[PDB]
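**Student:** before I ask anything, here's the sequence and the deposited coordinates:
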Amino acid sequence: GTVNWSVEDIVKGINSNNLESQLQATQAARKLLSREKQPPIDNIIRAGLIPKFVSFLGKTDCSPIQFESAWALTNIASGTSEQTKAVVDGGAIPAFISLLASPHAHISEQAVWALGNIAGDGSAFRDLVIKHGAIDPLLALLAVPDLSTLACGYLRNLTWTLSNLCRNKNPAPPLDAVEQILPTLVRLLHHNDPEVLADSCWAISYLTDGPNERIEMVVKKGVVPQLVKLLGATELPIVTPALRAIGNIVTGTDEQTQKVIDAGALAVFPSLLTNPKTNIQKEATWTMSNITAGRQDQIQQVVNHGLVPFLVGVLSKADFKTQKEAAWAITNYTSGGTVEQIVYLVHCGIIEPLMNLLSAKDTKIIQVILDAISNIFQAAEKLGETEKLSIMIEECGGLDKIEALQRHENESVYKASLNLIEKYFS
Amino acid sequence: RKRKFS
Amino acid sequence: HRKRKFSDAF
């Protein structure tokens, strides 16, 4: 009936002065736009059909044409930025916001879906959706005593659309929009559906990626213990954004970092630092690096949790990106740590894997490692044990690597390597 | 992210 | 030593 229609036939049906012919033609366009292989989105746009679909959204008297036109427009808005712009330029944003209050659940859900796609395009469309007043009717759909009474797919779509209103930077979402969304987001973060949990975590990871004032808004809502619980989930789609949010929070103040430690996050790091997914090990090591960039009592918590042997592990063997983050974690630890904490790092066997990484063809990691060597020597200087460290570096072949770096192309590497040779190996 | 309704 | 935000690390 409405399967495999040409664009010409769809246009003829939509241009008829017959509501049923228009409905049949709109359903045919929806089915064309829903096909797996190459839907003709540009052909539908070029035929001038977006203004027709947008007017059909306002036909309260014909709920099937509202649903078919909403679905057709959701498929166009899900495309490229130019395709999402064509939907916005057709006036679809206020028309979809009016459909959020529809008595038909499948229509309201379609409007939620469409607005998530529009807001998801970037900062300008996200902020334009917010200015048209989408937040109040979106939140009203979730204002129920128990989230469990809502249809599963409907709740997942609402969570995903809210996560897109939290997404993107330059600029970050408006402060008052974030404050308005946050209580519902905290509630979704305690829901038991894995997809709702993943998208709630992604939303929180977006809101905590920026200035420390942005982190504060989130941390003040008391979400850190729930994020640490999700950090220990078995589902990789949940662990990934929960680790990103935790990693983002520890880029903040010493106080914000302390909330992550107090909630018991460090107890999860033996498994995260050995996780079979390289992106988990990488982002877990980045998180560790920002904790070792903290206070001496915070470095001590890393020590007490037995995480220094786990840092020796990732520095010894891991994908190069994780090893570079491990090098940062060590340089941060040696910069802020006490002599006792730095001595403990050497006793855990940091020197040999730190030296082996001086062979890497990455100028940034070389600078980071040479800075760590200098900090370890400064601690050894305070104990008069520089000779014991010099022999250790010589024995694992570290001396040959530092000597070779005296003829390096980079200025900072050349200067730091010549400095170590003259001060401790002459 | 964007998502099509298939 | 100094905190690194997500975009400054990757």
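**Tutor:** Now that the structure is in, tell me what you want to look at. Numbering: from 1, shown residues only, chains lettered A, B, ... in the order given.
**Student:** so who does the nearest residue to residue A:175 once chain neighbours are set aside touch?
**Tutor:** Excluding the flanking residues, the one nearest residue A:175 by Cβ to Cβ, 6 or more residues apart in numbering or on different chains is residue A:217, at 7.8 Å. For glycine as for every other residue, the C-beta is placed from the backbone atoms N, C-alpha and C. Neighbouring residues of residue A:217 by Cβ atoms under 8 Å, 6 or more residues apart in numbering or on different chains: A:175, A:178, A:179, A:182, A:207.
**Student:** can you tell me the SS state at the spatially closest residue to residue A:122 that is not a sequence neighbour?
**Tutor:** Nearest residue to residue A:122 in three dimensions, chain neighbours excluded: residue A:168, at 5.6 Å (Cβ to Cβ, 6+ apart). For residue A:168, the assignment made with DSSP: H, G, I helix; E, B strand; the rest coil gives coil.
**Student:** just checking, residue A:168 touches residue A:127?
**Tutor:** No. Using Cβ atoms under 8 Å, residue A:168 makes no contact with residue A:127, being 9.2 Å away.
**Student:** thinking again about what came up before, now do the contacts for the residue nearest to residue A:122.
**Tutor:** Residue A:168 neighbours (Cβ under 8 Å, 6+ apart): A:122, A:123, A:126, A:206.
**Student:** and those residues, which of them are buried?
**Tutor:** Buried members of these, counted by 16 or more other Cβ atoms under 10 Å in any protein chain shown: A:126, A:206.
**Student:** if we can go back for a sec, where does the residue nearest to residue A:175 sit, in terms of helix or strand?
**Tutor:** Assigned by DSSP states H and E, residue A:217 belongs to helix A:212-219.
**Student:** buried residues in that helix?
**Tutor:** For helix A:212-219, the neighbour count (16+ other Cβ under 10 Å) marks A:212, A:214, A:215, A:216, A:218, A:219 as buried.
**Student:** from residue A:208, how far off is the residue in chain A that chain C sits nearest to?
**Tutor:** Per Cβ to the nearest Cβ, residue A:335 is where chain A lies closest to chain C, at 3.4 Å. For residue A:335, the distance to residue A:208 equals 24 Å [Cβ to Cβ, to the nearest Å].
**Student:** ok, the two, which is more surrounded?
**Tutor:** residue A:208 (28 against 18; other Cβ atoms under 10 Å in any protein chain shown).
**Student:** so the more buried one touches residue A:243, yeah?
**Tutor:** No. Shown here, residue A:208 and residue A:243 do not form a contact pair, counting by Cβ under 8 Å, at 11.8 Å.
**Student:** helices - which of the contacts of residue A:168 land there?
**Tutor:** A:123, A:126, A:206 (DSSP state H).
**Student:** just put these in CSV and tack on distance to chain C.
**Tutor:** Below are those laid out as CSV (distance: Cβ to the nearest Cβ, whole Å):
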residue, distance to chain C
A:123, 15
A:126, 18
A:206, 10
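**Student:** quick check, nearest of those to residue A:195?
**Tutor:** Nearest to residue A:195 among the ones in helices among the contacts of residue A:168, counting by Cβ to Cβ, is residue A:206 at 16.9 Å.
**Student:** thinking again about what came up before, phi and psi next, for the residue of chain A closest to chain C.
**Tutor:** phi -80, psi -40 (degrees, to the nearest 10).
**Student:** correct me if wrong: it contacts residue A:375.
**Tutor:** Yes. With contacts counted by Cβ under 8 Å, residue A:335 reaches residue A:375, the gap being 5.9 Å.
**Student:** dump the residue contacts of residue A:120.
**Tutor:** Per Cβ under 8 Å, 6+ apart, neighbours of residue A:120: A:126, A:164, A:167, B:1, B:2.
**Student:** give me the phi and psi for the closest residue in space to the fourth one that isn't next to it in sequence.
**Tutor:** Yep, that's residue B:1 we're talking about. Spatially, and ignoring its direct neighbours in sequence, residue B:1 is nearest to residue A:120 (5.6 Å; Cβ to Cβ, 6+ apart). Here is the backbone geometry of residue A:120 (degrees, to the nearest 10): phi -70, psi -20.
**Student:** I'd like to know which elements whatever helix or strand residue A:421 lives in is packed against.
**Tutor:** Assessed by DSSP H and E, residue A:421 sits inside helix A:411-424. Helices and strands touching helix A:411-424, by 3 or more Cβ pairs under 8 Å, 6 or more residues apart in numbering or on different chains; DSSP states H and E, are helix A:363-383, helix A:386-395, helix A:398-404.
**Student:** report how many residues lie close to whichever residue of the stretch 1-150 of chain A sits closest to chain B.
**Tutor:** Proximity of the stretch 1-150 of chain A to chain B (Cβ to the nearest Cβ) peaks at residue A:78, 4.2 Å away. Using other Cβ under 10 Å, residue A:78 is surrounded by 25 other residues.
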